[PDB]
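Here's the structure, in structure tokens; my notes come after.
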Amino acid sequence: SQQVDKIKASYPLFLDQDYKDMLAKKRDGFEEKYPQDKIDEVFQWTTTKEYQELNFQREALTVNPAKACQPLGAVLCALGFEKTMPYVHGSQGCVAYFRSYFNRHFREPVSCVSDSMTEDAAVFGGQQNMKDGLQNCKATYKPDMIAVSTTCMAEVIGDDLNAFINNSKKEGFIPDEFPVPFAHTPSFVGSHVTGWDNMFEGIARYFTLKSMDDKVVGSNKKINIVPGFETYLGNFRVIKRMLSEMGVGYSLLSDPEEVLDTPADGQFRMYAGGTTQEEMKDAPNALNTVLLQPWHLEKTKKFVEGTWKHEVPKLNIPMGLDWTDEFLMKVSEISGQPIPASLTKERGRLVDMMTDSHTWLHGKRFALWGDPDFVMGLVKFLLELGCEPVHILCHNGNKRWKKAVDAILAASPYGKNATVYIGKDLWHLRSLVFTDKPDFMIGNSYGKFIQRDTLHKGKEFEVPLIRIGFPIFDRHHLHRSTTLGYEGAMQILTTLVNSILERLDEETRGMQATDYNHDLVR
Amino acid sequence: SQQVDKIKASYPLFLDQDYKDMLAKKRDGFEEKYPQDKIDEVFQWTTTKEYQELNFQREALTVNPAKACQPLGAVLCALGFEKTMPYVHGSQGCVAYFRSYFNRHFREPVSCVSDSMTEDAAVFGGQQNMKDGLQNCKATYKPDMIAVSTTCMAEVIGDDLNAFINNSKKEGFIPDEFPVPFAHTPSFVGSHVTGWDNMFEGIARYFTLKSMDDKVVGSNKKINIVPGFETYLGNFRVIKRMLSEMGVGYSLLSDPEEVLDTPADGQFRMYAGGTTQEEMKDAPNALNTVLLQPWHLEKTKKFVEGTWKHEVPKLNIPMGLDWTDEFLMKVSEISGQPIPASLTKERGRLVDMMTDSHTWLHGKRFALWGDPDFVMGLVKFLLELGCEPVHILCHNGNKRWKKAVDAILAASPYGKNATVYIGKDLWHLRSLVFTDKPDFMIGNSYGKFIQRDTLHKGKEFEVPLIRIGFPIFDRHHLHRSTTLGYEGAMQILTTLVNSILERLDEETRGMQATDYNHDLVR
Amino acid sequence: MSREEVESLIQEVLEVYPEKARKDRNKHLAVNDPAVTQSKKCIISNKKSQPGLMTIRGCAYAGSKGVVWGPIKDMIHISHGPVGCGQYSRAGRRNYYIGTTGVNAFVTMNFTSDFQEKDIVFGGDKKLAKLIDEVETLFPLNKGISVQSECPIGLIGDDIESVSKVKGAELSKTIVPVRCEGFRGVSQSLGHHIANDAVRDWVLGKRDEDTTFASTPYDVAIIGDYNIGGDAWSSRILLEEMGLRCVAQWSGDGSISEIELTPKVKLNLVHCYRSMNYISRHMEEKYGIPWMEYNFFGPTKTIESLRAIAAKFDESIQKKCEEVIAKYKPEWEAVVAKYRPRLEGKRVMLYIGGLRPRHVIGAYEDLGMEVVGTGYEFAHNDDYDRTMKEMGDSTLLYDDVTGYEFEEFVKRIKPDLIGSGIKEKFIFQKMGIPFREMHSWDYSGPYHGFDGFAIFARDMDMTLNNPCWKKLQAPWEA
Amino acid sequence: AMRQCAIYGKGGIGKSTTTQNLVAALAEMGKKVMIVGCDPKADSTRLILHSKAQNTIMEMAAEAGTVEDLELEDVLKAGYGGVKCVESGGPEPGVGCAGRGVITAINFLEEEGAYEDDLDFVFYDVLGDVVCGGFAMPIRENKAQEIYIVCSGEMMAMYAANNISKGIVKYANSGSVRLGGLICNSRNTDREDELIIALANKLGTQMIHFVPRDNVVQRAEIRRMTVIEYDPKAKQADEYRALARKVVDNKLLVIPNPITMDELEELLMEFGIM
Ligand SMILES: Nc1ncnc2c1ncn2[C@@H]1O[C@H](COP(=O)(O)OP(=O)(O)O)[C@@H](O)[C@H]1O
Ligand code: ICS
Ligand code: CLF
Ligand code: CLF
Ligand code: ALF
Ligand SMILES: [Fe+3]
Ligand SMILES: [Fe+3]
Ligand SMILES: [Mg+2]
């Protein structure tokens with residue numbers, strides 16, 4: 001029953017007595033459910049150390065992974081280019097999932113097409129699918145470029161993308177001069193960040209491999225910036241703003257911020273902004289190429305050093321204080337422009353915020369997960385703040401990345417209790433936060449479930465989730481935030497300290513019980 | 001006892017068994033307090049409607065006021081001028097309190113001096129205090145201008161600021177040309193915003209009143225912007241950014257953002273930035289003067305219309321979509337510059353966020369309080385989002401402001417259940433949120449206590465606090481936020497929708513009880 | 001360093017003042033020398049602040065309402081006058097209490113008469129009576145009303161005593177009029193004195209003709225402990241762990257019942273001499289209750305004070321004190337063994353109100369830290385007399401230091417850590433010097449007793465050794 | 001036009017009565033005048049309005065919220081001969097703070113534009129005991145230009161006039177306010193005129209029209225009017241006409257050089273004996 005004045009959605013409609021009675025009767029009479037005592041005992045067992053040992057002995061089963069497949073990152077990278085349609089050779093369910101994922105994260109339209117390879121296409125190959133799909137996409141959505149990635153089925157059967165696109169061009173399905181960069185993106189290799197790297201390398205080599213004779217390094221006096229897999233629009237914006245204030249000429253290749261942040265003014269823009277084709281053509285003329293997230297831009301690094309002949313600098317992701325300083329100083333040493341006073345003042349204001357908040361930040365223990373470069377930057381910044389990143393999980397990390405992060409932890413007194421896990425999923429991490437409880441965990445929306453689980457052990461065991469990373473589905477407009485540069489460090493610091501303070505306020509809100517510490521001034 | 005490995009601060013030190021036993025024994029033996037049943041009965045009574053009637057019949061007692069006294073606003077206004085020392089004629093305890101208040105809100109140094117009027121100065125007048133204080137302050141802190149306000153004692157005894165400063169100048173305590181603007185700021189009249197208005201009017205007439213002969217309106221082709229009492233640095237920044245993007249020449253008088261956001265680089269800067277004296281001298285030459293918060297800039301409006309001969313536009317505070325649009329169109333019609341495409345795109349992105357979040361925002365009921373212009377802007381924006389501002393409280397509001405806000409509510413279908421209270425304190429609002437419960441309350445840090453009180457009636461009656469306004473003491477770096485313009489509206493929308501979503505996540509976190517609605521995707 | 005250089009530093013700092021201000025301020029700065037018997041020749045204090053010099057001092061209202069009266073839980077304290085004072089003083093001081101706020105406790109609430117212009121012109125006595133009636137109607141569980149005067153009340157001669165008497169008789173309530181108008185005195189010290197006199201005249205004598213309280217020989221009352229961060233509690237658990245019965249706490253977590261029961265106790269343990277020595281002397285000379293100064297800052301001072309207090313009782317109390325010392329010895333020893341190596345040899349400068357500038361020196365020295373500069377906002381001659389026996393040789397002493405003076409002293413001395421209030425914190429944080437709030441404990445604490453010592457050492461190490469202080473200079477600058 | 005005068009002097013020396021009679025004389029000469037009473041006793045406009053001015057700025061402001069809600073027409077009322085009359089309100093004796101009320105009332109008059117054009121004179125009748133800065137509100141900058149001190153041959157009256165001059169000195173140096181002269185109200189003392197003239201010379205000023213003590217004033221004021229309304233042809237009415245004429249044609253505006261207590265005693269021995 002409902003009252004027309006106050007209408008209850010599912011919560012709290014299904015807390016009504018009739019609905020509770022119905023659910024109890026359903027479970028009692030037809031579900032054959034385990035007894036509540038058995039369920040409680042099994043949950044308590046799952047929160048134990050022996051269960052964690054069993055969990056970490058897993059070899060074949062993955063539970064709640066913290067990664068996606070390559071073509072998602074390929075689609076994002078392709079989206080970062082002007083009037084470019086992402087085109088995934090393979091089955092259409094993949095494209096539907098990629099679009100839904102990015103739609104839920106960004107709350108914006110995400111354009112991507114499939115060539116709809118069915119069983120007959122699996123058996124006979126996707127040549128006809130490629131020809132018809134390229135023709136249909138170009139005629140329907142009028143892109144100036146079609147960037148081709150693959151689903152797992154086309155990678156298993158060896159659908160040769162190069163041959164398929166070439167045959168499409170020579171047979172008149174698409175114009176011969178129409179740019180169709182391609183990249184093999186096997187979903188059973190690496191992760192979504194690997195797909196981003198592969199797609200970017202494909203686009204770069206499409207626009208630069210053959211026409212290298214007339215290229216001389218530095219002739220355009222710009223700096224190439226490769227962002228990598230990035231889902232914070234403020235990160236693109238902050239890199240652009242810091243380079244603009246610095247008087248540095250730059251070329252941000254794969255810039256998707258405009259297409260993912262279009263206005264609602266009565267019309268739908270399928271394409272907006274993005275790296276122009278001329279930018280990629282002229283990229284070899286740059287003074288140098290700086291990789292924003294080098295640890296999933298290895299293939300791009302090999303191509304840039306071996307083909308464009310750019311001495312790509314060894315820079316960590318510009319996250320936190322020290323690494324933003326290093327990034328700015330390297331940009332200075334490359335372009336010859338000095339670091340301006342506005343950037344110095346922004347750095348000083350970040351330092352002032354750190355001094356203002358160190359008492360609440362110091363000693364705080366964290367479990368964090370995400371992509372390797374983001375995770376490493378977060379670890380470095382947390383060490384800068386005096387926090388303890390006790391659990392550091394990277395599902396798609398590798399041994400060398402683990403070595404680098406271990407060396408970073410060894411250089412700080414606040415990395416003594418820190419452990420780096422690679423190839424582990426969020427079930428491992430839920431065990432980790434049960435058996436060695438941190439104060440907070442930082443990660444994407446999936447971590448919410450871990451928080452729920454911790455709250456079931458009790459309020460004193462609950463590990464609150466701080467939502468930084470990808471994807472964030474249960475909050476609105478957090479994709480607009482920043483994590484790079486001094487501005488990103490300021491936003492992260494504000495989020496961390498205010499999460500701590502809100503947690504403390506909640507834990508001291510009980511009148512005559514804990515409100516003696518419910519201080520107005522913190 | 002303490003474990004050296006894990007040291008407990010007061011929370012949760014005093015939850016230990018020995019401390020709990022000590023507190024219980026102290027209460028039983030020596031406190032002679034009311035029985036817990038009696039305390040529960042009285043609390044339940046205070047949450048009732050009859051108690052609210054008794055509360056709203058109050059005529060003499062104020063409990064938890066949502067306002068401050070005039071000299072606080074005078075000090076804030078004076079701080080927005082270059083190398084200007086705020087100087088409060090009267091008792092030094094006032095200056096200590098103003099400085100502590102602003103230090104806790106901004107987490108920054110706040111420079112202000114007193115002439116330390118004691119009982120002998122109260123009886124004989126503080127003319128010697130004025131002479132010695134002006135001389136000492138100028139010799140010690142070398143300000144380029146000393147801006148003089150008053151405490152209540154100097155206003156009661158009629159300390160003639162003009163005569164005192166003039167005598168100090170003629171007797172050689174301070175140079176005759178040294179600028180010493182003054183304003184009478186009685187704490188028993190108006191509130192802190194009135195003090196801001198009074199101080200600004202005094203500073204304006206000090207630099208402009210006697211030299212109006214060689215002034216012609218529009219000759220500098222600039223626009224005067226008066227911000228009023230503003231404690232969000234992002235508001236100054238957004239007004240500056242929006243005017244400079246528009247290509248409009250502007251002069252923001254009383255700009256304190258630099259002095260309240262100095263960097264930590266091994267140096268303490270007592271002064272930084274601020275409106276120069278030449279800007280105030282040239283202000284009568286402007287095309288027009290726009291008052292950002294007109295409802296506490298009445299004296300400034302009268303002076304600017306009657307002395308500078310500027311036809312001050314009838315503009316509401318540039319908060320929310322419609323009023324930011326009106327502000328931009330008025331600035332365009334004054335300066336002659338068109339609204340640029342970047343501002344239009346920012347407005348469109350605001351609209352996109354509104355459409356992305358309307359389902360969660362729509363129908364939400366709010367109790368809010370603060371200064372009149374900020375409160376009115378919040379009410380207008382909440383109406384734009386489809387929210388219901390049911391309890392609109394403004395302690396320092398007046399009848400005309402109440403009528404304007406009532407007319408605003410009548411123009412929208414979402415203002416039907418809204419009531420505007422003026423002269424009511426936060427105890428009135430505690431009663432209001434107990435008897436007509438909103439979903440959230442928006443206000444400064446004091447509202448936290450109301451939240452505590454609501455949580456004592458039960459978790460279902462708890463009204464969470466959203467911290468927007470002044471002062472904010474229990475969170476860090478919120479003073480850096482923005483509330484004006486499209487950017488401020490975006491920040492407010494993000495805060496509101498994510499507060500709603502975090503509340504819903506908390507209410508659906510109970511496994512097997514309410515977690516059926518613990519959705520990953522919201 | 002060296003008695004001569006610091007004197008030269010004092011003269012150089014004073015050089016910028018006008019001659020009157022320089023002549024005044026020279027008498028408020030000194031170099032410590034334990035060869036001095038009376039601080040009158042050394043340093044003078046408790047004098048008028050020089051105008052326009054940006055002093056740190058508060059007012060008598062701050063010393064009365066904000067310090068002494070405010071912490072009392074079950075009493076409602078009304079800031080009589082305009083709205084500013086109570087609003088700025090609302091919950092700025094962390095005098096911790098246990099109660100139900102708004103029902104039977106009111107500490108963090110701001111009760112005010114909110115004087116308008118007509119209240120100044122025509123008087124506020126009728127408004128005060130109506131306010132008392134409204135307080136009764138809306139807060140019926142309050143156990144006392146105090147009326148803290150602000151500046152206009154003192155100026156216009158409002159007869160708050162008459163209102164208090166009439167309304168108290170009419171309602172059988174204790175209504176205490178406090179003439180703590182801010183312009184009286186020179187600082188919070190006269191606020192302390194006025195508040196103590198109000199307690200003596202209106203509260204302390206209510207149970208004089210009452211013998212229904214059972215008194216044990218081990219009855220002590222804690223005086224001048226305001227439960228900052230739970231300080232008093234951390235202190236109290238020690239005393240009652242050595243057999244003593246803590247009848248009263250003044251005034252942090254304090255009830256009016258405890259103040260009324262104070263004359264029934266046998267000993268008065270004064271923590272803050274400066275704020276409550278007046279009432280301690282009054283009770284000594286009226287009820288014959290001896291009072292002793294103690295100190296619960298750091299293990300050395302805590303043990304010394306516990307043994308001194310035990311020596312005033314039977315052998316059972318002394319055995320219980322010894323067992324308390326032996327029980328808590330490993331914990332503070334572990335705290336030292338953990339945090340002293342991180343803090344040994346670090347120099348600290350202090351500037352707090354009237355007791356802590358000298359009381360916490362032992363706690364710092366327990367961690368190998370040397371206090372090179374100290375000073376008071378509002379201490380008297382006797383406070384500096386007590387300070388000389390605690391400060392080291394050739395250490396800077398300042399009274400009512402100005403912002404300029406203290407900034408220059410810090411620049412020259414270059415201490416590793418500064419302990420002062422909220423109005424110096426961000427100034428010295430921007431100079432790259434670790435800062436600890438020594439009033440509010442930087443929203444941490446307690447610092448009293450052994451648990452307080454553990455927290456204090458943790459905070460000192462956390463702020464002193466924070467990595468942020470190594471990042472003040474941008475790497476692209478020399 | 002627009003001459004702003006402030007009437008001060010020893011308590012009860014006859015400031016209100018002389019001010020009202022002088023204002024009546026000035027208004028009978030076609031001069032537009034306005035009387036502002038800065039005494040919480042709103043008794044400085046009774047002989048002009050023929051009744052006690054019940055409506056005062058402070059009382060109206062307290063009744064009607066604050067002073068901003070007020071209107072001039074509710075406190076500014078005409079009387080005999082076009083004399084506009086306003087009164088600053090005040091508490092009953094022994095309570096509140098009347099100086100703050102005077103400050104607020106005068107600020108309200110300034111802000112509401114009571115000082116319009118076609119107003120030749122504005123007379124601020126102030127109380128005799130200037131106890132605070134508030135009652136010096138009339139002699140603030142740009143408020144009153146001339147100060148008239150009513151005195152008499154009594155030692156206390158001359159001491160009060162000298163003390164008032166000492167208080168004036170700070171405002172006179174701060175602004176452009178000066179001492180026009182010493183109006184003398186006769187108290188029938190030995191060498192009254194000699195004492196007033198000597199004191200005025202010592203202060204650096206003049207004695208303007210020593211006014212005789214006559215009961216026609218008492219009669220006229222008990223009939224709720226000035227002498228001009230009561231007996232225009234009486235001797236004291238002509239004396240008030242002469243006082244008005246001497247006020248109009250006055251140019252001795254000086255900063256007083258007040259004399260110490262010793263010099264005052266020498267003046268009393270020199271001119272107060274025989
Ligand atoms: N020239 C005068 N002749 C007779 N009586 C006078 C004269 N001047 C003043 N008075 C009387 O002396 C008394 C003094 O009252 P008032 O004029 O109000 O003095 P003040 O305004 O200084 O307080 C009045 O009653 C008045 O009738
Ligand atoms: S009362 Fe005094 S200024 Fe003795 S007014 Fe002040 S809570 Fe200080 S050095 Mo704030 S004489 Fe207490 C003090 Fe000391 S408020 Fe606290 S810390 S021990
Ligand atoms: S149509 Fe359907 S969703 Fe597509 S793959 Fe095939 S079953 Fe699966 Fe899978 S890992 Fe990624 S999303 Fe694909 S490329 Fe393969
Ligand atoms: S020294 Fe002390 S704090 Fe100052 S006033 Fe006086 S009692 Fe109070 Fe009050 S309302 Fe504001 S803060 Fe003052 S100007 Fe008056
Ligand atoms: F007694 Al008066 F002016 F009325 F001196
Ligand atoms: Fe800061
Ligand atoms: Fe959208
Ligand atoms: Mg008179």
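Sequence lines set the chain letters: A, B, ... in the order given, protein chains first and strands last, and positions in each chain run from 1. Side-chain atoms are counted along with the backbone in the values below, which use heavy atoms only and exclude waters and symmetry mates. Counting convention: from 1, in listed order, for ligands and their atoms alike.
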Quiz item: If you count the atoms of ligand 1 from 1 in the order shown, which ones are under 4.0 Å from a heavy atom of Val211(D)?
Solution: 1 (N)
Exercise. If you have a sec, work out which protein heavy atom is nearest atom 15 (Fe) of ligand 4 and how many Å separate them, to one decimal?
Key: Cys152(B) SG, 2.3 Å
Self-check item: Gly9(D) near ligand 1 by a heavy-atom separation under 4.0 Å
Solution: no
Quiz prompt | Proximal ligand 1 atoms for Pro212(D), defined as those under 4.0 Å from one of its heavy atoms | solution = 1 (N)
Quiz prompt | Main-chain N/O of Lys67(B) paired to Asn396(B) side chain as donor or acceptor, under 3.5 Å | solution = no
Practice problem: Write out the residue and atom name of the closest protein heavy atom to atom 12 (O) of ligand 1, then the distance separating them to 0.1 Å. | Solution: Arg213(D) NH2, 3.9 Å
Self-check item: Where ligand 4 meets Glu150(C) - atom numbers and elements under 4.0 angstrom, heavy-atom basis
Solution: 7 (S)
Practice problem: Carefully, step by step, assess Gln70(B) and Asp197(B) under the rule side-chain contact (heavy atoms from CB on, under 4.5 Å). | Solution: CA-CA 9 Å; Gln70(B) 276 201 41; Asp197(B) 194 15; over 6 Å; no
Practice problem: Give the contacting part of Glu221(D) toward ligand 1: side chain, backbone, both or neither, where contact means a heavy-atom distance below 4.0 Å. | Solution: side chain
Exercise. Give the single entry among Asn215(D), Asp214(D), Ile222(D) that approaches atom 4 (C) of ligand 1 most closely by any heavy atom.
Key: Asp214(D)
Quiz item: Donor-acceptor pair, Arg347(A) side chain versus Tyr486(A) backbone, under 3.5 Å?
Solution: no
Practice problem: Give a yes or no on whether the backbone of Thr463(C) and the side-chain of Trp469(C) come within a donor-acceptor separation of less than 3.5 Å. | Solution: yes
Quiz item: When the ring planes of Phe470(B) and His192(B) are compared, do they come out parallel, tilted or perpendicular, using 30° and 60° as the limits?
Solution: tilted
Quiz item: Considering only protein heavy atoms, which is closest to atom 8 (N) of ligand 1, and at what distance to one decimal place?
Solution: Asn185(D) ND2, 2.9 Å
Quiz item: Side chains of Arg522(A) and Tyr443(C): donor-acceptor distance under 3.5 Å anywhere?
Solution: no
Exercise. Could you tell me whether a side-chain N or O of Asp214(D) sits under 3.5 Å from a main-chain N or O of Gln236(D), the two making a donor and an acceptor?
Key: no
Quiz item: Who's the nearest protein heavy-atom neighbour of atom 14 (C) of ligand 1, and how far?
Solution: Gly12(D) O, 3.4 Å
Practice problem: List the closest protein heavy-atom neighbour of atom 19 (O) of ligand 1: residue, atom name, distance to the nearest 0.1 Å. | Solution: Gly14(D) N, 3.2 Å
Quiz item: Backbone N or O of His476(B) within a donor-acceptor pair of the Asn498(A) side chain at under 3.5 Å?
Solution: yes
Practice problem: Pick whichever of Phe188(B), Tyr88(C), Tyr97(B) has a heavy atom sitting closest to atom 12 (S) of ligand 4. | Solution: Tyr88(C)
Practice problem: Would you check the N or O atoms of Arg187(D), main chain and side chain alike, for any that come under 3.5 Å of an N or O of ligand 1? | Solution: no
Self-check item: atom 27 (O) of ligand 1: the protein heavy-atom neighbour that sits closest, reported with distance to 0.1 Å
Solution: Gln218(D) OE1, 3.1 Å
Quiz item: Just which atoms of ligand 4 are under 4.0 Å from any heavy atom in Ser91(B)?
Solution: 1 (S)
Practice problem: Would you confirm whether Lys423(C), through its side chain, and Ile56(C), through its main-chain N or O, come within 3.5 Å as a donor-acceptor pair? | Solution: yes
Quiz prompt | N/O donor-acceptor pair under 3.5 Å between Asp129(D) side chain and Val131(D) backbone | solution = no
Quiz item: Is a donor on one side and an acceptor on the other found under 3.5 Å between the side chain of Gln87(C) and the backbone of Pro65(B)?
Solution: yes
Quiz item: Does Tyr8(D) come within less than 4.0 Å of ligand 1, judged by its heavy atoms?
Solution: no
Quiz item: With no hydrogens and no angle check, do the side chains of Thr150(B) and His89(B) hold a donor and an acceptor under 3.5 Å apart?
Solution: no
Practice problem: Taking only heavy atoms of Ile13(D) into account, list the atoms of ligand 1 that are under 4.0 Å away from them. | Solution: 22 (O)
Practice problem: Over 60° means perpendicular and under 30° means parallel, so classify the ring planes of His184(B) and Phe182(B), tilted if in between. | Solution: perpendicular
Quiz item: What atoms of ligand 4 come closer than 4.0 angstrom to any heavy atom of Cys85(C)?
Solution: 3 (S), 5 (S), 7 (S), 8 (Fe), 9 (Fe), 10 (S), 12 (S)
Practice problem: Pull out every atom of ligand 4 sitting under 4.0 Å from any heavy atom of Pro71(B), numbered as shown with elements. | Solution: 14 (S)
Quiz item: Are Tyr8(D) and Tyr148(D) near enough that their ring centres are under 6.0 Å apart?
Solution: no
Quiz prompt | Which atom of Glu108(B) approaches the Fe ion (ligand 6) most closely (N/O/S) | solution = OE2
Self-check item: Contacting atoms of ligand 4, where contact means under 4.0 angstrom from a heavy atom of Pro82(C)
Solution: 10 (S)
Exercise. Just go through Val227(D), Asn21(D), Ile7(D), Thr17(D) and tell me whose heavy atom is the nearest to atom 9 (C) of ligand 1.
Key: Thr17(D)
Quiz item: Which angle, to the nearest 10 degrees, do you find at the Fe ion (ligand 6) between O in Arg107(B) and OD2 in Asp356(A)?
Solution: 90°
Quiz item: Which one holds for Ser186(D) and ligand 1: side chain close, backbone close, both close, or neither close, with close meaning a heavy atom under 4.0 Å?
Solution: neither
Quiz item: How does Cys94(B) reach ligand 4, if at all, at less than 4.0 Å between non-hydrogen atoms: by side chain, backbone, both, or neither?
Solution: both
Exercise. Answer yes or no: does an N/O atom from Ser16(D) fall short of 3.5 Å to an N/O atom of ligand 1?
Key: yes
Quiz prompt | Residue pair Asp114(C) / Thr112(C), side-chain donor-acceptor N/O under 3.5 Å | solution = no
Quiz item: Quick check: does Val217(D) get an N/O under 3.5 Å from an N/O on ligand 1?
Solution: no
Practice problem: Look at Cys69(B) and state whether any of its N, O or S atoms is less than 2.8 Å from atom 13 (Fe) of ligand 4. | Solution: no
Self-check item: Proximity flag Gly128(D) to ligand 1, non-hydrogen atoms under 4.0 Å
Solution: no
Quiz item: What is the nearest protein non-hydrogen atom to atom 20 (P) of ligand 1, stated with its residue, atom name and distance?
Solution: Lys15(D) N, 3.6 Å
Exercise. Could you list the atoms of ligand 4 found under 4.0 angstrom from a heavy atom of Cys59(C)?
Key: 1 (S), 2 (Fe), 3 (S)
Quiz item: Between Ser152(D) (side chain) and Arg187(D) (backbone), is there a donor-acceptor pair under 3.5 Å?
Solution: no
Quiz item: For atom 6 (Fe) of ligand 4, which candidate among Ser79(C), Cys151(C), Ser64(C), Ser114(B) provides the closest heavy atom?
Solution: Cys151(C)
Quiz item: Considering only heavy atoms of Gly84(C), which atoms of ligand 4 have at least one such atom less than 4.0 Å away?
Solution: 10 (S), 11 (Fe), 12 (S)
Quiz item: Can you check whether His192(C) and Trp69(C) have ring centres sitting under 6.0 Å from each other?
Solution: no
Self-check item: Within reach of ligand 1, part of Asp39(D) (heavy-atom separation under 4.0 Å)
Solution: neither
Practice problem: Considering non-hydrogen atoms only, spot the tightest contact between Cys152(B) and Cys151(C) and give its length. | Solution: SG-CB, 3.9 Å
Quiz item: Is the backbone of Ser149(C) close enough, under 3.5 Å, to the side chain of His80(C) for a donor and an acceptor to pair up by distance?
Solution: no
Exercise. Would you name the heavy atoms of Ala24(D) and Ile228(D) that are closest together and state the gap between them?
Key: CB-CG1, 4.0 Å
Quiz prompt | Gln236(D) to ligand 1, any heavy atom closer than 4.0 Å | solution = yes
